[PDB]
Structures are given as C-alpha cells and as structure tokens.
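Raw run-v5.cif, mmCIF, C-alpha atoms:
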data_query
#
loop_
_atom_site.label_atom_id
_atom_site.label_comp_id
_atom_site.auth_asym_id
_atom_site.auth_seq_id
_atom_site.Cartn_x
_atom_site.Cartn_y
_atom_site.Cartn_z
CA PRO D 1 16.69 -7.16 -13.25
CA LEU D 2 13.66 -5.91 -15.18
CA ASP D 3 11.43 -8.53 -13.56
CA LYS D 4 12.42 -7.39 -10.08
CA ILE D 5 11.54 -3.87 -11.17
CA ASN D 6 8.27 -5.21 -12.57
CA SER D 7 7.40 -6.66 -9.17
CA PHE D 8 8.02 -3.29 -7.54
CA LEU D 9 6.06 -1.64 -10.33
CA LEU D 10 3.23 -3.94 -9.40
CA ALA D 11 3.68 -2.70 -5.83
CA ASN D 12 3.90 1.03 -6.75
CA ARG D 13 0.48 2.17 -5.59
CA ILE D 14 1.36 4.39 -2.65
CA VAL D 15 1.63 8.13 -3.31
CA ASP D 16 2.03 11.31 -1.28
CA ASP D 17 -0.40 14.04 -0.15
CA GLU D 18 -3.05 12.19 1.81
CA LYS D 19 -3.82 15.51 3.54
CA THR D 20 -4.84 17.25 0.32
CA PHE D 21 -7.74 15.00 -0.54
CA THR D 22 -8.56 14.37 3.08
CA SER D 23 -9.44 18.03 2.83
CA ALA D 24 -11.13 17.41 -0.57
CA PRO D 25 -12.15 13.79 -1.15
CA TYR D 26 -13.88 12.85 -4.38
CA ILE D 27 -16.75 10.71 -3.10
CA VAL D 28 -17.48 7.47 -4.96
CA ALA D 29 -20.79 5.61 -4.67
CA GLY D 30 -23.21 3.57 -6.74
CA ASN D 31 -25.54 0.57 -6.56
CA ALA D 32 -26.54 0.56 -10.23
CA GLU D 33 -23.67 -1.89 -10.44
CA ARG D 34 -23.13 -2.46 -6.74
CA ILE D 35 -19.47 -3.39 -6.64
CA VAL D 36 -16.53 -2.55 -4.45
CA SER D 37 -14.26 -3.24 -7.41
CA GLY D 38 -14.45 -3.81 -11.13
CA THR D 39 -12.63 -3.91 -14.43
CA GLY D 40 -14.34 -1.50 -16.78
CA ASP D 41 -17.39 -1.42 -14.52
CA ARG D 42 -19.43 1.71 -13.82
CA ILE D 43 -19.15 3.58 -10.55
CA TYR D 44 -20.48 7.04 -9.86
CA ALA D 45 -18.80 9.81 -7.93
CA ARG D 46 -19.50 13.29 -6.60
CA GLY D 47 -16.97 16.12 -6.89
CA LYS D 48 -15.49 18.54 -9.38
CA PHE D 49 -13.28 15.65 -10.44
CA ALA D 50 -16.22 14.51 -12.55
CA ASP D 51 -16.20 17.90 -14.25
CA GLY D 52 -12.42 17.98 -14.53
CA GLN D 53 -9.83 15.22 -14.78
CA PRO D 54 -11.17 12.08 -16.51
CA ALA D 55 -8.64 9.73 -14.96
CA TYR D 56 -7.86 9.62 -11.26
CA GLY D 57 -6.11 7.57 -8.60
CA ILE D 58 -8.11 5.81 -5.91
CA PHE D 59 -6.17 5.92 -2.66
CA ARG D 60 -6.78 4.54 0.78
CA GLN D 61 -5.28 6.56 3.63
CA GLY D 62 -2.45 5.31 5.83
CA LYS D 63 -0.45 7.44 8.24
CA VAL D 64 3.30 7.50 8.79
CA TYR D 65 3.89 9.12 12.17
CA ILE D 66 7.46 10.36 12.43
CA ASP D 67 9.22 13.18 14.28
CA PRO D 68 7.34 12.53 17.55
CA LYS D 69 8.18 16.00 18.84
CA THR D 70 6.67 17.29 15.60
CA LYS D 71 4.25 14.35 15.70
CA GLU D 72 3.62 14.55 11.95
CA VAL D 73 1.98 11.80 9.92
CA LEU D 74 2.80 11.94 6.25
CA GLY D 75 0.24 9.41 5.07
CA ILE D 76 0.23 6.70 2.45
CA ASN D 77 -2.10 6.92 -0.52
CA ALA D 78 -2.52 3.31 -1.62
CA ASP D 79 -3.64 3.42 -5.26
CA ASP D 80 -6.57 1.09 -5.65
CA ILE D 81 -7.45 1.18 -9.37
CA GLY D 82 -4.72 1.11 -11.95
CA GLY D 83 -6.71 3.72 -13.84
CA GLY D 84 -10.17 4.90 -14.68
CA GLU D 85 -11.99 7.16 -17.07
CA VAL D 86 -15.13 9.20 -16.80
CA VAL D 87 -18.43 10.14 -18.32
CA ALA D 88 -20.19 13.18 -16.91
CA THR D 89 -23.60 13.12 -15.33
CA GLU D 90 -25.67 15.94 -13.96
CA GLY D 91 -25.71 16.46 -10.24
CA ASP D 92 -21.89 16.72 -10.23
CA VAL D 93 -21.76 12.94 -10.23
CA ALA D 94 -19.84 10.93 -12.81
CA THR D 95 -19.96 7.43 -14.26
CA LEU D 96 -16.52 5.89 -14.61
CA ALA D 97 -14.94 2.76 -16.05
CA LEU D 98 -12.21 1.11 -14.01
CA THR D 99 -8.92 -0.50 -15.05
CA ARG D 100 -8.30 -2.41 -11.83
CA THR D 101 -4.89 -3.04 -10.22
CA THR D 102 -5.58 -5.71 -7.51
CA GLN D 103 -7.06 -3.26 -5.01
CA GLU D 104 -10.79 -3.33 -4.34
CA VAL D 105 -12.35 0.11 -4.46
CA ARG D 106 -14.67 0.49 -1.50
CA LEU D 107 -18.05 1.64 -2.72
CA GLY D 108 -17.74 4.55 -0.29
CA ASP D 109 -14.07 5.28 -1.07
CA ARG D 110 -12.04 8.47 -1.52
CA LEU D 111 -10.88 9.43 -5.01
CA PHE D 112 -7.92 11.67 -5.84
CA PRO D 113 -6.67 13.14 -9.15
CA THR D 114 -4.57 11.00 -11.46
CA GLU D 115 -0.83 11.68 -11.17
CA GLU D 116 1.22 9.59 -13.56
CA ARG D 117 4.82 9.08 -12.43
CA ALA D 118 7.56 7.59 -14.58
CA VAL D 119 9.56 4.76 -13.02
CA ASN D 120 12.52 3.05 -14.68
CA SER D 121 14.49 -0.16 -14.26
CA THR D 122 17.64 1.97 -14.05
CA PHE D 123 17.35 1.91 -10.26
CA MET D 124 18.22 -1.80 -10.26
CA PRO D 125 22.02 -1.42 -9.82
CA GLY D 126 21.42 0.49 -6.60
CA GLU D 127 22.47 3.82 -5.09
CA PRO D 128 24.03 2.96 -1.74
CA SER D 129 24.90 5.79 0.65
CA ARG D 130 25.59 4.57 4.19
CA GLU D 131 25.06 7.86 6.05
CA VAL D 132 21.32 7.56 5.55
CA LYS D 133 20.02 5.71 8.60
CA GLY D 134 16.47 5.48 9.90
CA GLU D 135 13.67 3.28 11.12
CA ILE D 136 10.96 1.68 9.00
CA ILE D 137 7.22 1.75 9.66
CA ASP D 138 3.78 1.55 8.04
CA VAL D 139 3.95 -1.31 5.59
CA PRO D 140 0.66 -1.98 3.75
CA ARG D 141 1.20 -5.58 4.72
CA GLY D 142 1.26 -4.56 8.40
CA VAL D 143 3.08 -7.82 9.15
CA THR D 144 6.34 -7.81 11.03
CA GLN D 145 9.27 -9.80 9.58
CA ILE D 146 8.09 -9.63 5.96
CA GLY D 147 10.75 -11.07 3.68
CA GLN D 148 12.01 -11.55 0.12
CA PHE D 149 10.73 -8.09 -0.84
CA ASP D 150 8.08 -5.61 0.24
CA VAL D 151 6.93 -2.02 -0.09
CA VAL D 152 8.14 -0.18 2.98
CA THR D 153 7.93 3.45 4.04
CA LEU D 154 11.16 4.83 5.43
CA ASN D 155 10.89 7.49 8.14
CA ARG D 156 11.20 11.28 7.73
CA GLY D 157 14.69 12.01 9.02
CA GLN D 158 15.50 8.83 7.23
CA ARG D 159 13.55 10.33 4.30
CA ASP D 160 15.78 13.40 3.99
CA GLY D 161 18.84 11.22 4.18
CA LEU D 162 17.09 9.11 1.55
CA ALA D 163 16.91 12.21 -0.58
CA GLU D 164 20.66 11.93 -0.28
CA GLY D 165 21.09 8.11 -0.38
CA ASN D 166 18.89 5.53 -2.15
CA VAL D 167 20.26 2.14 -0.94
CA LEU D 168 20.73 0.72 2.57
CA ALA D 169 21.15 -2.59 4.43
CA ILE D 170 18.65 -4.15 6.85
CA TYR D 171 19.10 -4.20 10.64
CA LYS D 172 16.79 -5.90 13.14
CA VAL D 173 17.33 -4.63 16.67
CA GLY D 174 16.73 -7.37 19.26
CA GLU D 175 16.60 -6.84 23.03
CA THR D 176 18.81 -9.14 25.11
CA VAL D 177 17.86 -9.38 28.80
CA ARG D 178 20.41 -9.93 31.57
CA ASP D 179 17.98 -12.39 33.09
CA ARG D 180 20.31 -13.91 35.66
CA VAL D 181 22.25 -10.79 36.61
CA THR D 182 20.00 -7.74 36.47
CA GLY D 183 17.01 -8.56 34.32
CA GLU D 184 17.88 -5.51 32.24
CA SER D 185 17.43 -5.96 28.50
CA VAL D 186 19.70 -4.16 26.03
CA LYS D 187 18.63 -3.83 22.42
CA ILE D 188 21.38 -4.98 20.04
CA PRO D 189 21.20 -4.30 16.27
CA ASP D 190 21.64 -7.42 14.16
CA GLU D 191 22.70 -6.70 10.60
CA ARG D 192 20.34 -8.58 8.34
CA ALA D 193 21.00 -9.88 4.85
CA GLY D 194 19.00 -8.00 2.24
CA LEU D 195 18.83 -4.40 1.09
CA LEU D 196 16.24 -1.83 0.15
CA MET D 197 15.69 -0.31 -3.26
CA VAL D 198 14.29 3.13 -2.54
CA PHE D 199 12.20 5.42 -4.74
CA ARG D 200 11.70 8.75 -3.02
CA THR D 201 8.73 11.07 -3.32
CA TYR D 202 10.07 14.32 -1.85
CA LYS D 203 7.64 16.14 0.49
CA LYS D 204 6.69 12.63 1.63
CA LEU D 205 8.48 9.49 2.69
CA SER D 206 10.43 7.02 0.58
CA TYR D 207 8.53 4.14 -1.01
CA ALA D 208 11.09 1.33 -0.99
CA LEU D 209 10.83 -2.18 -2.35
CA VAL D 210 13.23 -3.97 -0.07
CA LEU D 211 14.62 -7.33 -1.09
CA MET D 212 15.10 -9.36 2.07
CA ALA D 213 17.91 -11.89 1.92
CA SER D 214 16.28 -14.36 4.32
CA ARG D 215 16.21 -12.15 7.40
CA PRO D 216 12.64 -11.49 8.57
CA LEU D 217 12.52 -8.01 10.15
CA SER D 218 9.82 -6.39 12.27
CA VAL D 219 7.60 -3.59 11.02
CA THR D 220 9.86 -1.24 12.97
CA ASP D 221 13.56 -1.94 12.47
CA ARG D 222 16.72 -0.03 11.66
CA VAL D 223 17.47 0.46 8.00
CA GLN D 224 21.09 1.56 7.93
CA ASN D 225 24.33 0.95 6.11
CA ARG P 47 23.35 -40.39 -28.86
CA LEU P 48 25.28 -39.43 -25.74
CA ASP P 49 25.62 -35.84 -26.92
CA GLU P 50 21.99 -35.55 -27.98
CA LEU P 51 20.86 -36.87 -24.62
CA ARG P 52 23.18 -34.34 -23.01
CA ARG P 53 21.40 -31.54 -24.85
CA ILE P 54 18.06 -32.93 -23.69
CA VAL P 55 19.53 -32.95 -20.19
CA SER P 56 20.44 -29.29 -20.54
CA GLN P 57 16.88 -28.46 -21.55
CA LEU P 58 15.30 -30.58 -18.81
CA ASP P 59 17.48 -29.37 -15.93
CA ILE P 60 15.71 -26.02 -15.98
CA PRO P 61 14.52 -24.33 -12.77
CA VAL P 62 10.82 -24.70 -12.16
CA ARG P 63 9.22 -21.26 -11.99
CA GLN P 64 7.43 -20.45 -8.75
CA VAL P 65 4.67 -17.85 -8.75
CA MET P 66 3.13 -16.07 -5.78
CA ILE P 67 -0.64 -16.33 -6.12
CA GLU P 68 -2.65 -13.79 -4.16
CA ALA P 69 -6.41 -14.26 -4.20
CA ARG P 70 -8.28 -11.93 -1.88
CA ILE P 71 -11.84 -12.21 -0.59
CA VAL P 72 -13.84 -9.05 0.06
CA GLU P 73 -17.16 -9.18 1.90
CA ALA P 74 -19.28 -6.06 2.34
CA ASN P 75 -22.51 -6.01 4.32
CA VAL P 76 -24.66 -2.90 4.63
CA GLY P 77 -27.85 -3.17 6.64
CA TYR P 78 -30.44 -0.48 7.40
CA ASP P 79 -33.61 -1.55 9.21
CA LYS P 80 -36.25 0.76 10.66
CA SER P 81 -39.36 -0.37 12.54
CA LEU P 82 -42.10 1.87 13.91
CA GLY P 83 -44.94 0.49 16.06
CA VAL P 84 -47.66 3.05 16.78
CA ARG P 85 -50.06 2.24 19.61
CA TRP P 86 -53.22 3.96 20.88
CA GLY P 87 -54.75 2.21 23.87
CA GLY P 88 -57.54 3.33 26.16
CA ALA P 89 -59.58 0.93 28.27
CA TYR P 90 -61.58 3.75 29.84
CA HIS P 91 -64.01 3.80 26.93
CA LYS P 92 -62.70 0.52 25.42
CA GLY P 93 -60.92 2.05 22.45
CA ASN P 94 -57.51 0.47 21.83
CA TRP P 95 -55.64 -0.09 18.59
#
Could you take the file, read its structure, and then write that structure out as structure tokens?
Amino acid sequence: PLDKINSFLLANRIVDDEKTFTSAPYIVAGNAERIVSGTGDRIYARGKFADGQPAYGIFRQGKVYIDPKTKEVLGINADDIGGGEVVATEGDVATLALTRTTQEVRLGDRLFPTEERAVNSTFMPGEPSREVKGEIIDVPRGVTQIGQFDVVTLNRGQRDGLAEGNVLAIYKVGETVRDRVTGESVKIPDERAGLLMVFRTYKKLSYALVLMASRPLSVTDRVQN
Amino acid sequence: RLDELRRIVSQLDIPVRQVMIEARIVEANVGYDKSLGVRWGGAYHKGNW
C-alpha cells in the first residue's frame, strides 16, 4: 500500500492557484550556468521572492475548463523542482540551488512560493461515495486511455462532490451508431475496471491518482460510482 | 535434500520486479541574429560605398 502511495507522491506536483502567480510570476533566468534544469545548480530569478521566501515551487500552467456557462479554468500548477533554496543578489535577482523532481525548469519559467502539503498513506483504503459523479479532463500526460494509474484532474461540479466523496469507479462512454437503421450514434457508458484515489485541494479541482484495472479510458470520460 | 531444495524453490519462485523507466530529452534552441547593411551609392559623381 505504501508503495502505491509513494508512486502518487512521486506524481504529486500539481497545485492550485495558477491565477495568483499568473498575476505575479517570479521570473527565472540565467546563462551563467545555462540550464533548463539542475540538481543543486544555480539559476537566477527576479521578484520579491528573492527577498522573501527562500524555497519555492516551480509550476507550469495548465487550465481545467469546467462549468462552460461559467467558462472557468481552474489551472494546474505542475511543480517542476522538488525544492530549491536561495541566495540574494542585488537587482532583486536571486541565485538558487535546485533539488530537482523529474521536471525540467525552463530557463524562462514562472516561479511561485513554496507551499508544503502533508500527504499520508492513510488514503490507501479508499473513501468511496457513489453520489459524486463527473467527467475527467486535463491530464499532464495528455494521452487518452492512460492506464494502470495516472494523475487526473476531476471536474468542478465533480470537484464539489469530491469534497464530499473521495473514491469512484471508471466509466468510458462509447458512441454506438445505428449504421444500418438511422446512422444515429448513441453514447453508452461502459463501466471500466479500476478506481480513482482522490486527494482534493479545495478552491481547485481534485488531483487523483487513478489505478486503472486494465480499462484504457479517454482523457474525457465519466468518473462515477 | 528434498526439503532443502523445496526451500530453494520457494526463494527462486519470486516475482521479477518490473520498473517503469522514464528518460526524457529536452532540447532548447534560442537564436538571435541581426544584420545591418548600410549602402551609399552615387554614380553621378562616382562616389559609391
């Protein structure tokens, strides 16, 4: 059980509040050691973040567009470095060392403050509430039908239900066409083996490491139970 | 000997551990090139650079 949690923990880079630092990005740059990633290497960056918080989380911006009438994207902040620490340089720039977590940090990337969140392996048994039902979108993978497990972003109405219920089963809705009668195609949900483990960041969507029991489901599919 | 071999069998019949290896290649190319050609040509008095 702990190892499954460890895999998710390896996948736990996506955080909320893309809008905040879209409004105030901490700008990284530097050719003294011209890298787009490093472990303990020196990058420089401009912003008060140099003056303030020594650590920080490097996040690339994804967008989760739900509530089409409200047409809101609550984005995805993919955490690039595992961690980093700073030295202060004049000019409001900083020189930081980088503990890297598999994600290259674009030399011209956006930096955000460090926000440590505690995750436990106590989620492993599951918290299954069926009422929660919603679609899935915006996987970092971007690939439809991803299987075995993956970090998925459940939708917003689905997100509030998620606030109620952590665990749900997989459904892939497939359209069946009445080719020889009408040509009309009716989408039919197909319950798929495999369930999601969901960790919810309220005020954002739910970051869920879903374990797929064989069934490969499209980027958009019905998570329900 | 049968029992000892059985224990060896128990040790040997162990699931081989698969690992997912993800090696990613990142290529970044930044190019800035500026060229200025300045020309002053007059054939009227034969002065042209």
Please write as a PDB file with C-alpha atoms, in the coordinates of the input the full residue list that the PyMOL selection byres ((chain D and resi 102-113) around 10) yields on this file.
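Saved as result_20.pdb:
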ATOM      1  CA  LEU D  10       3.230  -3.940  -9.400  1.00  0.00           C
ATOM      2  CA  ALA D  11       3.680  -2.700  -5.830  1.00  0.00           C
ATOM      3  CA  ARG D  13       0.480   2.170  -5.590  1.00  0.00           C
ATOM      4  CA  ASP D  17      -0.400  14.040  -0.150  1.00  0.00           C
ATOM      5  CA  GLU D  18      -3.050  12.190   1.810  1.00  0.00           C
ATOM      6  CA  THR D  20      -4.840  17.250   0.320  1.00  0.00           C
ATOM      7  CA  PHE D  21      -7.740  15.000  -0.540  1.00  0.00           C
ATOM      8  CA  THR D  22      -8.560  14.370   3.080  1.00  0.00           C
ATOM      9  CA  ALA D  24     -11.130  17.410  -0.570  1.00  0.00           C
ATOM     10  CA  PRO D  25     -12.150  13.790  -1.150  1.00  0.00           C
ATOM     11  CA  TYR D  26     -13.880  12.850  -4.380  1.00  0.00           C
ATOM     12  CA  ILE D  27     -16.750  10.710  -3.100  1.00  0.00           C
ATOM     13  CA  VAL D  28     -17.480   7.470  -4.960  1.00  0.00           C
ATOM     14  CA  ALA D  29     -20.790   5.610  -4.670  1.00  0.00           C
ATOM     15  CA  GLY D  30     -23.210   3.570  -6.740  1.00  0.00           C
ATOM     16  CA  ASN D  31     -25.540   0.570  -6.560  1.00  0.00           C
ATOM     17  CA  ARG D  34     -23.130  -2.460  -6.740  1.00  0.00           C
ATOM     18  CA  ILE D  35     -19.470  -3.390  -6.640  1.00  0.00           C
ATOM     19  CA  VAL D  36     -16.530  -2.550  -4.450  1.00  0.00           C
ATOM     20  CA  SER D  37     -14.260  -3.240  -7.410  1.00  0.00           C
ATOM     21  CA  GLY D  38     -14.450  -3.810 -11.130  1.00  0.00           C
ATOM     22  CA  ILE D  43     -19.150   3.580 -10.550  1.00  0.00           C
ATOM     23  CA  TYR D  44     -20.480   7.040  -9.860  1.00  0.00           C
ATOM     24  CA  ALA D  45     -18.800   9.810  -7.930  1.00  0.00           C
ATOM     25  CA  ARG D  46     -19.500  13.290  -6.600  1.00  0.00           C
ATOM     26  CA  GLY D  47     -16.970  16.120  -6.890  1.00  0.00           C
ATOM     27  CA  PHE D  49     -13.280  15.650 -10.440  1.00  0.00           C
ATOM     28  CA  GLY D  52     -12.420  17.980 -14.530  1.00  0.00           C
ATOM     29  CA  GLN D  53      -9.830  15.220 -14.780  1.00  0.00           C
ATOM     30  CA  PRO D  54     -11.170  12.080 -16.510  1.00  0.00           C
ATOM     31  CA  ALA D  55      -8.640   9.730 -14.960  1.00  0.00           C
ATOM     32  CA  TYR D  56      -7.860   9.620 -11.260  1.00  0.00           C
ATOM     33  CA  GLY D  57      -6.110   7.570  -8.600  1.00  0.00           C
ATOM     34  CA  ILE D  58      -8.110   5.810  -5.910  1.00  0.00           C
ATOM     35  CA  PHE D  59      -6.170   5.920  -2.660  1.00  0.00           C
ATOM     36  CA  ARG D  60      -6.780   4.540   0.780  1.00  0.00           C
ATOM     37  CA  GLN D  61      -5.280   6.560   3.630  1.00  0.00           C
ATOM     38  CA  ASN D  77      -2.100   6.920  -0.520  1.00  0.00           C
ATOM     39  CA  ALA D  78      -2.520   3.310  -1.620  1.00  0.00           C
ATOM     40  CA  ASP D  79      -3.640   3.420  -5.260  1.00  0.00           C
ATOM     41  CA  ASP D  80      -6.570   1.090  -5.650  1.00  0.00           C
ATOM     42  CA  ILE D  81      -7.450   1.180  -9.370  1.00  0.00           C
ATOM     43  CA  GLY D  82      -4.720   1.110 -11.950  1.00  0.00           C
ATOM     44  CA  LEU D  98     -12.210   1.110 -14.010  1.00  0.00           C
ATOM     45  CA  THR D  99      -8.920  -0.500 -15.050  1.00  0.00           C
ATOM     46  CA  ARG D 100      -8.300  -2.410 -11.830  1.00  0.00           C
ATOM     47  CA  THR D 101      -4.890  -3.040 -10.220  1.00  0.00           C
ATOM     48  CA  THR D 114      -4.570  11.000 -11.460  1.00  0.00           C
ATOM     49  CA  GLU D 115      -0.830  11.680 -11.170  1.00  0.00           C
ATOM     50  CA  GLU D 116       1.220   9.590 -13.560  1.00  0.00           C
TER      51      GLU D 116
ATOM     52  CA  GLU P  68      -2.650 -13.790  -4.160  1.00  0.00           C
ATOM     53  CA  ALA P  69      -6.410 -14.260  -4.200  1.00  0.00           C
ATOM     54  CA  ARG P  70      -8.280 -11.930  -1.880  1.00  0.00           C
ATOM     55  CA  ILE P  71     -11.840 -12.210  -0.590  1.00  0.00           C
ATOM     56  CA  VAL P  72     -13.840  -9.050   0.060  1.00  0.00           C
ATOM     57  CA  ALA P  74     -19.280  -6.060   2.340  1.00  0.00           C
TER      58      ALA P  74
END
Counting all atoms listed in the file, I want the residues whose atoms come within 12 Å of (9.4, 15.0, 13.5) in the file frame, returned as an mmCIF file with C-alpha atoms, keeping the file's coordinate frame.
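Final file, selection-v9.cif:
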data_model
loop_
_atom_site.group_PDB
_atom_site.id
_atom_site.type_symbol
_atom_site.label_atom_id
_atom_site.label_comp_id
_atom_site.auth_asym_id
_atom_site.auth_seq_id
_atom_site.Cartn_x
_atom_site.Cartn_y
_atom_site.Cartn_z
ATOM 1 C CA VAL D 64 3.300 7.500 8.790
ATOM 2 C CA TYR D 65 3.890 9.120 12.170
ATOM 3 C CA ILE D 66 7.460 10.360 12.430
ATOM 4 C CA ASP D 67 9.220 13.180 14.280
ATOM 5 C CA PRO D 68 7.340 12.530 17.550
ATOM 6 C CA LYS D 69 8.180 16.000 18.840
ATOM 7 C CA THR D 70 6.670 17.290 15.600
ATOM 8 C CA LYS D 71 4.250 14.350 15.700
ATOM 9 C CA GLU D 72 3.620 14.550 11.950
ATOM 10 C CA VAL D 73 1.980 11.800 9.920
ATOM 11 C CA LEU D 74 2.800 11.940 6.250
ATOM 12 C CA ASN D 155 10.890 7.490 8.140
ATOM 13 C CA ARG D 156 11.200 11.280 7.730
ATOM 14 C CA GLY D 157 14.690 12.010 9.020
ATOM 15 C CA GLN D 158 15.500 8.830 7.230
ATOM 16 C CA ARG D 159 13.550 10.330 4.300
ATOM 17 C CA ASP D 160 15.780 13.400 3.990
#
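When all atoms listed in the file are used to compute distances to residue 168 of chain D, the closest of the residues D:48, D:4, D:192, D:130 turns out to be D:130.
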Could you make a table, as CSV, of the residues of segment 75-192 of chain D that have an atom within 7 Å of an atom of segment 216-220 of chain D, each with its nearest atom pair and distance in Å to one decimal, counting all atoms listed in the file, in chain and number order?
residue,atom,partner,partner_atom,distance
D:135,CA,D:220,CA,6.2
D:136,CA,D:220,CA,5.0
D:137,CA,D:220,CA,5.2
D:139,CA,D:219,CA,6.9
D:142,CA,D:219,CA,6.9
D:143,CA,D:219,CA,6.5
D:144,CA,D:218,CA,4.0
D:145,CA,D:217,CA,3.8
D:146,CA,D:216,CA,5.6
D:147,CA,D:216,CA,5.3
D:172,CA,D:217,CA,5.6
Query raised in the report: So what does the PyMOL selection byres ((chain D and resi 191) around 10) actually pick up in this one, as a list in words?
Result: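 This file, filtered by the PyMOL selection byres ((chain D and resi 191) around 10), leaves residues 169, 170, 171, 172, 173, 188, 189, 190, 192, 193, 194, 215, 222, 223, 224 and 225 of chain D.
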Query raised in the report: If you measure from atom CA of residue 133 of chain D to atom CA of residue 213 of chain D, what distance in Å do you get, rounded to one decimal?
Result: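 Between these atoms lies a distance of 18.9 Å.
Counting from atom CA of residue 167 of chain D, the distance to atom CA of residue 123 of chain D is 9.8 Å.
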Query raised in the report: Taking (-18.2, 17.1, -15.0) in the file's coordinates as the center, which residues reach within 8 Å of it, counting only C-alpha atoms, put as a list in words?
Result: residues 48, 49, 50, 51, 52, 87, 88, 89, 90, 92, 93 and 94 of chain D
**Report entry** Distance in Å - atom CA of residue 76 of chain D versus atom CA of residue 206 of chain D
**Finding:** 10.4 Å
Box time for segment 53-56 of chain P: axis-aligned, enclosing all its listed atoms, 4 Å extra on each side; report centre and edge lengths in Å to one decimal, as JSON.
{"center_x": 19.7, "center_y": -31.1, "center_z": -22.5, "size_x": 11.3, "size_y": 11.7, "size_z": 12.7}
Report task. Tell me which of D:85, D:75, D:5, D:33 sits closest to residue 126 of chain D, counting all atoms listed in the file. Result -> D:5
List as a PDB file with C-alpha atoms, in the frame of the given file the protein and nucleic acid residues near residue 1 of chain D, meaning an atom at most 10 Å away when all atoms listed in the file are counted, but skip any in the same chain fewer than 5 places from it.
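Contents of selection-v6.pdb, freshly written:
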ATOM      1  CA  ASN D   6       8.270  -5.210 -12.570  1.00  0.00           C
ATOM      2  CA  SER D 121      14.490  -0.160 -14.260  1.00  0.00           C
ATOM      3  CA  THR D 122      17.640   1.970 -14.050  1.00  0.00           C
ATOM      4  CA  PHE D 123      17.350   1.910 -10.260  1.00  0.00           C
ATOM      5  CA  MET D 124      18.220  -1.800 -10.260  1.00  0.00           C
ATOM      6  CA  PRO D 125      22.020  -1.420  -9.820  1.00  0.00           C
TER       7      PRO D 125
END
Requested in this report: Excluding residue 209 of chain D and residues on its chain fewer than 3 positions from it, collect all residues at most 10 Å away from it, counting only C-alpha atoms, and give them as a PyMOL selection string.
Outcome: chain D and resi 4-5+7-9+11-12+148-153+195-199+206+212
Please export segment 78-90 of chain P as a JSON list (two decimals), in the first residue's frame, restricted to N, CA and C atoms.
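See decode26.json below for the written result:
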[["chain", "number", "residue", "atom", "x", "y", "z"],
["P", 78, "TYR", "N", 19.25, 34.58, -31.82],
["P", 78, "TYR", "CA", 19.02, 35.97, -32.19],
["P", 78, "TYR", "C", 20.11, 36.40, -33.16],
["P", 79, "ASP", "N", 19.71, 36.80, -34.37],
["P", 79, "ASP", "CA", 20.67, 37.24, -35.37],
["P", 79, "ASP", "C", 20.22, 38.57, -35.95],
["P", 80, "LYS", "N", 21.09, 39.57, -35.93],
["P", 80, "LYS", "CA", 20.79, 40.85, -36.55],
["P", 80, "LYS", "C", 21.87, 41.23, -37.55],
["P", 81, "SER", "N", 21.45, 41.61, -38.75],
["P", 81, "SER", "CA", 22.38, 42.05, -39.79],
["P", 81, "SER", "C", 21.95, 43.39, -40.35],
["P", 82, "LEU", "N", 22.88, 44.35, -40.39],
["P", 82, "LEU", "CA", 22.64, 45.66, -40.97],
["P", 82, "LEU", "C", 23.69, 45.93, -42.03],
["P", 83, "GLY", "N", 23.23, 46.12, -43.27],
["P", 83, "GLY", "CA", 23.99, 46.54, -44.43],
["P", 83, "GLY", "C", 23.67, 47.97, -44.79],
["P", 84, "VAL", "N", 24.65, 48.85, -44.69],
["P", 84, "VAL", "CA", 24.48, 50.28, -44.94],
["P", 84, "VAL", "C", 25.16, 50.64, -46.25],
["P", 85, "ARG", "N", 24.43, 51.28, -47.15],
["P", 85, "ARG", "CA", 24.89, 51.48, -48.52],
["P", 85, "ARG", "C", 24.70, 52.92, -48.95],
["P", 86, "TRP", "N", 25.75, 53.50, -49.53],
["P", 86, "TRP", "CA", 25.71, 54.89, -50.01],
["P", 86, "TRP", "C", 26.24, 54.93, -51.44],
["P", 87, "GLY", "N", 25.35, 54.91, -52.42],
["P", 87, "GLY", "CA", 25.80, 54.85, -53.80],
["P", 87, "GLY", "C", 25.35, 56.00, -54.69],
["P", 88, "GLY", "N", 26.30, 56.72, -55.26],
["P", 88, "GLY", "CA", 26.02, 57.73, -56.24],
["P", 88, "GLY", "C", 26.93, 57.58, -57.43],
["P", 89, "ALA", "N", 26.39, 57.38, -58.63],
["P", 89, "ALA", "CA", 27.23, 57.34, -59.81],
["P", 89, "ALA", "C", 27.35, 58.70, -60.47],
["P", 90, "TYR", "N", 26.61, 59.69, -59.98],
["P", 90, "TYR", "CA", 26.61, 61.00, -60.60],
["P", 90, "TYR", "C", 28.01, 61.59, -60.54]]
